[PDB]
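Chain by chain, the residues:
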Amino acid sequence: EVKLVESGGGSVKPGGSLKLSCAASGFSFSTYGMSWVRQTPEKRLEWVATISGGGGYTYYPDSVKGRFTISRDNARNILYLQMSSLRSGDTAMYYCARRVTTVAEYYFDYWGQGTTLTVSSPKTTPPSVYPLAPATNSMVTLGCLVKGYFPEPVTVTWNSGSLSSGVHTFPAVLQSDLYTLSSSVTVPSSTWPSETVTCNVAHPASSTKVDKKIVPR
Amino acid sequence: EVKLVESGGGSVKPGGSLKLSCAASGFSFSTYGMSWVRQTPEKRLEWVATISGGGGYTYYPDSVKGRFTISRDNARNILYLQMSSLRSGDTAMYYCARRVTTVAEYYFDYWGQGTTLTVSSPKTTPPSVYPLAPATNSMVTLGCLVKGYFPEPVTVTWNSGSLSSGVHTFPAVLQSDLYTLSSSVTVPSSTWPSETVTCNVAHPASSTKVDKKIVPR
Amino acid sequence: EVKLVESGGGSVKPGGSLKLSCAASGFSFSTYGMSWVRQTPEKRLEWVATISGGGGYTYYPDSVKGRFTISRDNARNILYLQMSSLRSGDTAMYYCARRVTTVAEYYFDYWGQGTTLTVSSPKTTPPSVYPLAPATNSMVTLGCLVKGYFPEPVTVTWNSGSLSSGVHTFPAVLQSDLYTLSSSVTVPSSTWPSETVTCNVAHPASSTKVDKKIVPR
Amino acid sequence: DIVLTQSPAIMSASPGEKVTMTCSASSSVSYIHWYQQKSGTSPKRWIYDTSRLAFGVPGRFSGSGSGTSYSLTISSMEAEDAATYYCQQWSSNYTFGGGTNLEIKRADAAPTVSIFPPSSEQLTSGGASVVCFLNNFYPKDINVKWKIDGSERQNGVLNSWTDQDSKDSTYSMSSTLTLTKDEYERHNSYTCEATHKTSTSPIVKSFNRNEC
Amino acid sequence: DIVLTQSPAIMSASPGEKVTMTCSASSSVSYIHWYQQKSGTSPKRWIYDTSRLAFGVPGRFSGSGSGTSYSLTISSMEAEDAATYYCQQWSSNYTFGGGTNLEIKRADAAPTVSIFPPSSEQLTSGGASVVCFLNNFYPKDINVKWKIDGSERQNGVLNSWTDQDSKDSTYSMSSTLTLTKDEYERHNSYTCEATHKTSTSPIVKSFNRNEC
Amino acid sequence: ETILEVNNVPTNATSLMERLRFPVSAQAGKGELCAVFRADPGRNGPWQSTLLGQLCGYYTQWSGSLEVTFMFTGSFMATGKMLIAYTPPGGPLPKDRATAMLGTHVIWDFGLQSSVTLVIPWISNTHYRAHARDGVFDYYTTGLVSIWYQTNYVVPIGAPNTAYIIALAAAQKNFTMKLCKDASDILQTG
Amino acid sequence: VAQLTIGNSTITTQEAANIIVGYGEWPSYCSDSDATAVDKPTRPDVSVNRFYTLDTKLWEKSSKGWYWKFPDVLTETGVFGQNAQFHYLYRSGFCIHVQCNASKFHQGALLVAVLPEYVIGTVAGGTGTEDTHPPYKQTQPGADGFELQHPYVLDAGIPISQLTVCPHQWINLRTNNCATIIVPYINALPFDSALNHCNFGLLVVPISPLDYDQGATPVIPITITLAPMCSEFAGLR
Amino acid sequence: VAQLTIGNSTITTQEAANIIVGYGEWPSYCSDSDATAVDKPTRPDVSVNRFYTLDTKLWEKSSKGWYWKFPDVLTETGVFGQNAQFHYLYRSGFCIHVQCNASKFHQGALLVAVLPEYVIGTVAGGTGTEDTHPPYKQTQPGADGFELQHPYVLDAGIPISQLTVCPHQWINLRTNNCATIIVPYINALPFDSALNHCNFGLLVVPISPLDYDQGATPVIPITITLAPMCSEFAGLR
């Protein structure tokens, strides 16, 4: 299979520099031009650079020409993107793409799975988890509010995966330059509170993992 | 993929009319002739009609020539079968098939998954569920007798799927022009009655869903 | 698919004779030469015989030439290997392989899944299972020591498969010309001893199956 | 008005042996085609123009026949083939055959019998159904008798069979004796005895009405 | 009487780096072939005639060699490749190589140690086995000592190792000290201390016999 | 010209038709020895299938130049070269392709010509032999014909990676036989 | 390439490949000083002598080979089968033409020869003790022909490896596709029965098996077209 | 198409493609008024001068190119290698023939030229400061030949882009497959050593890489057949 798998990234403070790399597999790398593309929080796609099949020419867009530099080493089949003087507008998810030739134009066949870049000045913060029980019927909806952490993401698991079928995970919302999300689970009244329900919140950025038993109010 | 997916059907009283349709996908529809076939409760297969590649000719068998009419609209890749003056002998499961050309004869490559037609005069009846516990060893076989419903089918789920590995579902048997089935589940004596076992009977025809806790007698 | 599936084997006392067979599927059997290969307890691979595409020639190695005889019947696509005057050094796992032609040499494309041969003089012995509980934290590691059985293998299942995610099965070790293995399972302190944990030891050679509830010491 | 008769209707192979299913016609026919139908799924294509195989079909399947008697042969048999196989004719009125239930053979299994007194919910409604479960037996053929207080009964006996298990390749059975409340409390002992090619004597499960 | 020696026997790659396994022969050879064997499964085909790849094999695998020294090279390494690789010769007596255990490298993991007093079921039989579980550690190399009442023992110590975990890529270990009933109740304190390249001092789990 | 069963190896009743043709494939590497046989019309082996062979049996002595013709029956799209060499009586089968390349040989490109005919200059069953206690006027002139893959079998996608070849033999006009000798395994049954 | 015609029959064939005039003789007539100089034997020219194109047989990988008998093959067919039947004696020469239609991606080799007095011999029970005589469907297959069951010995105990000793021609797919053979009247008598005696039999067997990669047509149509030469008949009934 | 023979050697080759007579001269002999008119140099005709067919090399996508040295290639081979060795002087012309066998579905282009005094130059350490002299296996590869490692500069610091200035011929798979070249004796002296001096070297390099879709034979056999012309020797030992 054609595989593009990229590495690097995380939290960087503004002004710092970083280097991203992508590793190729299952196609002759030298015969292709290769580009990076970034996606702002799941909406906007922006081209950032390309490199010719060999050294040859590099091409950049007018938002980045000056700070980023794209490179390749055609012995280990790997793209490189160093980014210097990184700004707040550079936070996004960066994909490495292969550029094939069509009749006239070009097209991006395969995209990697991306690395995530967050350029930001705040600290890394473990989240606070608060139980959501109700102060009357045959179905129970419990919750777990995990508030005021940075950066993203966090992970909410319910009884270690057993309850995945009735779980909604609601996107984290930014305010106070800290993120806040919610998560709900649905359970038949036969299971609760007769049996323990517990939300498990893992925040790898800080290596913090907190468990909340939902106890009846 | 070549896909034939058909729609329509259900319960109809004798004398009423109905129209069935099949939707095509992943092959040039106009270049093929298309037929319907019906299967009586999982045994007998009977050809019911074909249509030429375009309008052209229609062909029918001598059990149906007069009441059914097969049609196609080669803009949305969809077969049609209207059935008028429907009789009791028309109850069955109807598949849409594609007819390819061989050396001399024809052959049906792909069959859809079918719609079900039940021509009948009785009412729609929710089922009654009765527990089956025993009035002595290391394995427990419990049951759930769900009696006197119409039409088919019904669904018996055990503790919401957790017990699927030791479950036998025995075909519904018709008498009193109502259907009656049974369902058994097997459970280690470690689980019962220490833990709730419950059969769940859902009858979509009536939108009726009943739950039975098996309690020790 | 090309399938090589072989049959025969088990425990044999030294001096006895045995016959192994392999069944072919999904390739024209007669046009190929076919060989057996044996693997000593997962380490050493040793060629044992080949047969020509038809009757033709047989070829043997100098460890076996005299006792084994390889045959084929090109009506049911099946290899045969009779082994007479079997010795202690003949214990191993025997694969049937297909031999294709390359530029000059030969190569084995597909291997069957093998049968196991144990040449040995001792009796068949059911195993003894002993619980492993501890005489203090948030994770519990329990065990089950199953000692002094023959031959191999045995099977250790935990609560009937529910605990498979935190289970280590440690290879059986031979001493006293009986085998001895261990098996550990990991469980959150929420589950034990509040809920039954039980190891299940099945020894098909003797058709013996023993269950051990891990009770807190 | 051209009929196709298939023999046999039900079949059982070891597996690893051959299988020969037959489609006989009432009049001379030009070619024959074959389909396959596993349970819950529609018919799949298998053989056409008598001897040509559909893309998927394993090479171990074969086809022949001429005139009025055609046959589908399988050598050798494998547990993945068990389905119902229909033939079809294309000369006049496009007719199908009756099919052949191909099944896996295994060692004989005696049933695991379970008896169930009626439910204290149905009785409050003027009905009483006594149910008997014979689980996981082989082969499929079985006789079961109900013996009320030493008699035997056949009225209101409903018997249902499963399709062959996809794991151990057994069948299961349920037998229901649907009586009235009054007819139920008319007797004391209900008994379902299952007779099989496995055991020598029946397998009897019993209960006396005057205990729950 | 033509022997093939493979070096090294065990290997660990990062992954993302290259891997060079070698098959050396005692006499000059015409070509060499390579197989693969993952655990529980038979050998699969990999390289033939030294440099030609079997249909499945990724393009990242390579093959070369001439005369008496041949080699299989992988660049770059990925967690899906970890298997045992055998070479084979086809000139005279068809010989196999010893294989090369290729494994995934990861960050070092100290073990999670668990001690278990003998069972009050085995003791009623004249035996006493003390068991120690070291779970989820890396790398695989480890020393473990048993210290009874301040001594050390090596008699009757059985040690078993797992294959590398398919999730975190660690290994596990069990150590069993098989004594007699009388020899067991001869002492008071049993202790298993595990020494590793992770921690500076051993990881000690202990118990005193006179408490259960 | 009669078909020479060079591939006289399968005996399995239903594979007897296979003796008539031997094959060449992609799998065979350059230089590999495809096949070999002797120029012994009257003795056992390949020649027994040819009519020549059967007629030699009703005679005691003989001599003349022979002639084998090879026919490639593979796909039209295939191409490659085969080296066919003759090692006169006495000369041992050439070690490899190159050594056979130095002997009387013929490079055959079935990409150009589908047929090729080789001439065996001479064979003479004249040297008498009294082995067991049964005197047999035998060969010794076992001339040898080797055939090596000069190049490999080359084919484009869509063409089978194997093809067969047919050997046809006969003797030149300078052939002769002496001493009628009726001999046969097949006789009129009672 | 060009097309030749004989009456109402018009076949599209290649210019003029090498033809094989069996035994170096051309199918000629029979002079006046014979056995029956009285019953002047009428010689058909009109329709009787033209191009008959038999039901094409399909070559397969597993094909064993085919054979037809003469004049049997035609005694059923058309206005020639008309004469052969309602006439007492017959003598006739034959032009036989065999062609395949295959892509340059198929491979095979068919030997096509003619064998006088081709006498079929069955298996004889198997063990050799049953004196079973070949049926009528095996002795005179008609225009559909019949398949060999033991090609190697030509269902008659004779090596095929030596069939080349008869008027033969080869059809190697990678070189030619059409083979032609001229056959003179061969029999121990001037004339004979057209329904009882089959002067000869046309043989066509795959010496090198048909082959191709998945996707190419799996069966190669073999088309036998044949025409009677200097055919004569005597004594109408 | 037709086949030519020189003694016991018979090669099947195409009618007569364009041959390249290097430098417009034909490999001729050397008259009596020379340097050694006494030791009358014996000129081999019999077996010595015939068709040698070297171990076919397999073209690959990654192939860099090949080269052989003369007369080295043959001083090992047969009865010619016999004379070259146990004789003091040598002069000989050459007919070289190179052919590939590929389906109309392969693509490539091999330049095939001959270069007098082909002097190999290695890498020299890498950085340019090691005076490493090419081995003996690199200077005189024999009949197996040797592979270039820096085709672009022909392992000797010269553009290949200019090799056409030498007796060359092209082999474009989509047009021809066989290339032929006649080479006269070229040296600053009438005669010379057959084991110490390699008058020239045969070069064959893929200028357009071999290519094909998965499924077609992946290696194209290149067969070099060559024959000595007006070869002479002097002073037996």
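Sequence order sets the numbers: each chain starts from 1, possibly unlike the entry numbering, and residues with no coordinates are not included. Starting at A for chains and at 1 for ligands, labels are handed out in the order in which the entities are written. What you see is a piece of a larger assembly; the numbers all apply to this piece alone. Each side-chain value is worked out from all heavy atoms of the structure, with water and hydrogens disregarded. Residues with missing side-chain atoms are left out of burial classes, side-chain pairs and their counts.

- What the deposited record gives as its method is cryo-EM, and the resolution it gives is 6.8 Å.

## Overview of the overall build of chain F
Here is step 1 of the chain: Runs of H or I in DSSP of at least four residues are treated as helices and runs of E of at least two as strands, each being numbered from the N terminus. Regarding its fold elements, chain F presents two helices and ten strands.
Here is step 2 of the chain: Element order for chain F, N to C, with α for helix and β for strand: β-β-β-α-β-β-α-β-β-β-β-β.
Here is step 3 of the chain: On C-alpha atoms alone, chain F measures out to a radius of gyration of 18 Å, which is about the 16 Å that the 2.2 N^0.38 rule sets for 190 residues.
Here is step 4 of the chain: Partitioning the intrachain contacts of chain F with sequence separation of at least 6 by distance along the chain shows that 79% fall at a separation of at least 24. Each radius of gyration reported is based on C-alpha atoms, and the globular scaling rule is 2.2 Å times the count of residues to the power 0.38. Contact definition: two residues touch when any of their heavy atoms are within 4.5 Å.

## Some points on the overall build of chain D
Here is step 1 of the chain: Per the secondary structure count, chain D includes one helix and 17 strands.
Here is step 2 of the chain: Against the compact-globule benchmark of 17 Å for 212 residues, chain D has a radius of gyration of 23 Å, which places it well outside the compact range.
Here is step 3 of the chain: Judged by the C-alpha coordinates and their principal axes, chain D covers about 65 × 40 × 25 Å.
Here is step 4 of the chain: The contacts in chain D between residues at least 6 apart in sequence include a share of 60% that link residues at least 24 apart.

## Examining the interface of chain B and chain D
Here is step 1 of the chain: Listed per partner, the contact involves 46 residues of chain B and 47 residues of chain D.
Here is step 2 of the chain: Where the side of chain B that touches chain D is concerned, the elements lending two or more residues are strand 4 (33–39), strand 5 (45–51), strand 9 (92–101), strand 10 (106–111), strand 12 (128–132), strand 13 (139–149), strand 15 (167–174) and strand 16 (179–188) of chain B.
Here is step 3 of the chain: A total of six residues in the side of chain B that touches chain D trace back to one element, the largest contributor, which is strand 13 of chain B.

## Comments concerning the sheet that holds strand 7 (residues 68–73) of chain C
Residue and element names in this part refer to chain C.
Here is step 1 of the chain: Pairing is antiparallel in the open sheet, where four strands are placed in the order 1-3-8-7. Of all the strands in the sheet, just strand 1 (3–7) and strand 7 have a single pairing partner and so form its edges. Across the sheet, the mean angle separating the axes of adjacent strands is 20° when strand polarity is ignored.
Here is step 2 of the chain: Pairing geometry for strand 3 (residues 18–25) and strand 8 (residues 78–83), over six bridges, is antiparallel. Paired with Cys-22 across the strands is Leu-79, a residue of strand 8. The pairing criterion for strands is at least two bridges between them, as found by DSSP. Where helices are involved, their axes are fitted lines through C-alpha atoms of the stretch in contact, as for all axes, and angles between N-to-C directions lie from 0 to 180°.

## Some points on the nonpolar core
Here is step 1 of the chain: To define a nonpolar core, start from buried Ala, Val, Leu, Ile, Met, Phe, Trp, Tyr and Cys residues and group those joined through side-chain atoms within 4.5 Å. When accessible area is computed with a 1.4 Å probe and restricted to protein chains, residues below 20% of their type maximum are described as buried, those above 50% as exposed, and intermediate ones as partly exposed. Core analysis: the biggest nonpolar cluster contains 47 residues, and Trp-68, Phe-70, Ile-96 and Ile-224 of chain H have the highest contact counts within it.
Here is step 2 of the chain: Take this core: its biggest share by element is six residues, from strand 13 (residues 220–236) of chain H.
Here is step 3 of the chain: Among residues more than four places away in sequence, those in contact with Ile-96 of chain H are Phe-70, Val-114, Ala-179, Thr-180, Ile-181, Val-183, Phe-200, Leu-202, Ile-224, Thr-225 and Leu-226 of chain H.
Here is step 4 of the chain: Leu-4, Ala-39, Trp-62 and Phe-110 of chain F belong to the second largest nonpolar core, which has 41 residues in total.

## Some remarks on the domain arrangement of chain D
All names here are of chain D.
Here is step 1 of the chain: Marked domain ranges trace back to an automatic or database domain assignment. Assigned domains within chain D: domain 1 (1–106) and domain 2 (107–209).
Here is step 2 of the chain: Contacts between domain 1 and domain 2 engage six residues on the former and ten residues on the latter.
Here is step 3 of the chain: Two parts placed together each lose some accessible area under a 1.4 Å probe, and the buried area is that loss summed for both. On the domain 1 side of the contact with domain 2, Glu-103, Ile-104 and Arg-106 bury the most area, a combined 82% of that side's loss.
Here is step 4 of the chain: Salt-bridge detection follows one rule: a side-chain nitrogen of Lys or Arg within 4 Å of a carboxyl oxygen of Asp or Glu. Linking domain 1 with domain 2 are zero salt bridges.
Here is step 5 of the chain: The term polar contact refers here to a pair of N or O atoms within 3.5 Å; inside protein, the definition further demands a hydrogen-donor-capable atom paired with an acceptor-capable atom, and it admits residues adjacent in sequence only when both atoms are side-chain atoms. In this structure, the connection of domain 1 to domain 2 is made through five residue pairs in polar contact.
Here is step 6 of the chain: The residue classification treats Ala, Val, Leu, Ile, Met, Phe, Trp, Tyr, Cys and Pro as nonpolar and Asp, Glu, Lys and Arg as charged. All others, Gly included, are polar. Split by residue class, the side of domain 1 that touches domain 2 holds one nonpolar, two polar and three charged.

## Some words on the pairing of strand 17 (residues 198–203) of chain C
Residue and element names in this part refer to chain C.
Here is step 1 of the chain: The pairing of strand 14 (residues 155–158) with strand 17 spans four bridges and is classified as antiparallel. When the bridges of strand 17 are listed, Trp-158 appears paired with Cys-199.
Here is step 2 of the chain: The pairing of strand 17 with strand 18 (residues 208–213) spans six bridges and is classified as antiparallel. Across the sheet, residue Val-201 finds its bridge partner in strand 18, namely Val-210.
Here is step 3 of the chain: Counted between consecutive antiparallel strands, the loop separating strand 17 from strand 18 contains four residues, among which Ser-207 sits at a positive phi close to 55°.

## Some words on the state of the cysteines
Here is step 1 of the chain: Counting rule for disulfides: a pair of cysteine sulfur atoms within 2.5 Å. For the structure on display, the rule yields ten disulfides over all chains.
Here is step 2 of the chain: Between the sulfur of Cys-144 of chain A and that of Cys-199 of chain A lies a disulfide, 1.8 Å long from S to S. Taken together, the residues span a long stretch of sequence, with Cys-144 of chain A in strand 13 (residues 139–149) and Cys-199 of chain A in strand 17 (residues 198–203) at a distance of 55 residues.
Here is step 3 of the chain: No disulfide involves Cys-198 of chain G; its sulfur sits 16 Å from the nearest other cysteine sulfur, which is in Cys-166 of chain G.

## Things to note about the arrangement of the chains
Here is step 1 of the chain: Chain E makes no contact with chain B, the minimum C-alpha separation between the two being 22 Å.
Here is step 2 of the chain: The least C-alpha distance between chain C and chain G, which are not in contact, is 13 Å.

## Observations regarding the pattern of salt bridges
Residues and elements named next belong to chain B.
Here is step 1 of the chain: This structure, assessed with the given rule, holds 38 salt bridges over all chains.
Here is step 2 of the chain: A salt bridge links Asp-109 to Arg-98, with the shortest nitrogen-to-oxygen separation between them at 3.0 Å. With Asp-109 in strand 10 and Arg-98 in strand 9, this residue pair connects regions lying eleven residues apart in the sequence. Both residues of the pair, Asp-109 and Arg-98, count as buried.

## Here we look at the packing of aromatic side chains
Two measures describe an aromatic ring pair: the distance that separates the ring centres and the angle between the ring planes.
Residues and elements named next belong to chain E.
Here is step 1 of the chain: Only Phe, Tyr and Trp rings are paired, with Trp represented by its six-membered ring, and only when their centres lie within 6.5 Å; those with planes under 30 degrees apart are stacked, over 60 edge-to-face, the remainder tilted. Within the structure shown, the criterion is met by 81 aromatic pairs over all chains.
Here is step 2 of the chain: Judged by centre distance (5.9 Å) and plane angle (10°), the ring pair of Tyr-190 and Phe-207 falls under stacked. Taken together, the residues span a long stretch of sequence, with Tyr-190 in strand 16 (residues 189–195) and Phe-207 in strand 17 (residues 203–208) at a distance of 17 residues. For the pair formed by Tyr-190 and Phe-207, the shared burial category is buried.

## Quick look at a nonpolar patch on the surface
Residues and elements named next belong to chain A.
Here is step 1 of the chain: Only residues whose relative accessible area exceeds 30% and that form no salt bridge enter a patch; like-charged residues are grouped when within 9 Å of one another, and nonpolar side chains (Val, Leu, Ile, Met, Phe, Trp, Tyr) when within 5 Å. Under the convention used here, a 1.4 Å probe and the Shrake-Rupley method define accessible areas, while residue burial counts only the protein chains that appear. Taken together, the side chains of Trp-47, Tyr-57, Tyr-59 and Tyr-106 make up a nonpolar region of the molecular surface, amounting to roughly 420 Å² of accessible area.
Here is step 2 of the chain: Residue placement: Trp-47 occurs in strand 5 (residues 45–51).
Here is step 3 of the chain: Relative accessible area serves as the criterion here: at 33%, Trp-47 is assigned to the partly exposed category.

## Concerning the side chain of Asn-125 of chain F
All names here are of chain F.
Here is step 1 of the chain: Tracing the backbone shows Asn-125 in strand 7 (residues 115–125).
Here is step 2 of the chain: A distance of 2.7 Å separates the side chain of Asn-125 from the backbone oxygen of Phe-137, its partner in a polar contact.
Here is step 3 of the chain: Ignoring any residue separated from it by four or fewer positions in sequence, one finds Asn-125 in contact with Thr-60, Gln-61, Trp-62, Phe-137, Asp-138 and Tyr-139.

## What to know about unusual backbone geometry
With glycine set apart, most residues show a phi of negative sign, and most peptide bonds adopt trans.
Here is step 1 of the chain: Residue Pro-151 of chain B is bonded to the preceding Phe-150 of chain B through a cis peptide linkage, with omega at 0°.
Here is step 2 of the chain: Tracing the chain through its elements places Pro-151 of chain B in the loop between strand 13 and strand 14 (155–158).
Here is step 3 of the chain: Phi is positive for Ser-207 of chain A, close to 55°, though the residue is something other than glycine.
Here is step 4 of the chain: The residue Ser-207 of chain A is located in the loop between strand 17 and strand 18 (208–213) in this model.
Here is step 5 of the chain: Positive phi outside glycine occurs at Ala-124 of chain H, with the angle close to 75°.
Here is step 6 of the chain: Within the element layout of this structure, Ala-124 of chain H appears in the loop between strand 8 (107–116) and helix 2 (136–139).

## Some points on the sheet that holds strand 17 of chain A
Residue and element names in this part refer to chain A.
Here is step 1 of the chain: With antiparallel pairing, three strands are arranged side by side in an open sheet as 14-17-18. Strands with a single pairing partner mark the edges of an open sheet, and in this sheet they are strand 14 (155–158) and strand 18. Neighbouring strand axes in the sheet, compared pairwise and without regard to direction, differ in orientation by 20° on average.

## Focus: helix 1 (residues 78–85) of chain G
All names here are of chain G.
Here is step 1 of the chain: For helix 1, the full list of buried residues reads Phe-80, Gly-81, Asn-83 and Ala-84. End-on, the buried residues of helix 1 take up no more than an arc of 160°, which puts them together on one face.
Here is step 2 of the chain: Buried residues in helix 1 make contact with strand 4 (52–53), strand 7 (87–100) and strand 13 (220–236). What the arc describes is the spread of directions from the helix axis to the C-beta atoms.

## Thoughts on the side chain of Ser-231 of chain H
All names here are of chain H.
Here is step 1 of the chain: Looking at the element boundaries, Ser-231 is found in strand 13.
Here is step 2 of the chain: Since its relative accessible area comes to 0%, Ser-231 is described here as buried.
Here is step 3 of the chain: A polar contact is formed between the side chain of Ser-231 and the side chain of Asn-49, at a distance of 2.8 Å.
Here is step 4 of the chain: When sequence neighbours within four positions are dropped, the list of residues in contact with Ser-231 reads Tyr-29, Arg-43, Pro-44, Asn-49, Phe-80, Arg-91 and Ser-92.

## Some points on the environment of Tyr-57 of chain A
Residues and elements named next belong to chain A.
Here is step 1 of the chain: Relative to the elements of secondary structure, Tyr-57 occurs in the loop between strand 5 and strand 6 (58–59).
Here is step 2 of the chain: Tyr-57 sits 24 residues away from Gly-33 along the chain, and the two C-alpha atoms are 9.9 Å apart.
Here is step 3 of the chain: Excluding residues that lie within four positions of it along the chain, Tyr-57 makes contacts with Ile-51, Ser-52, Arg-99 and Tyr-106.

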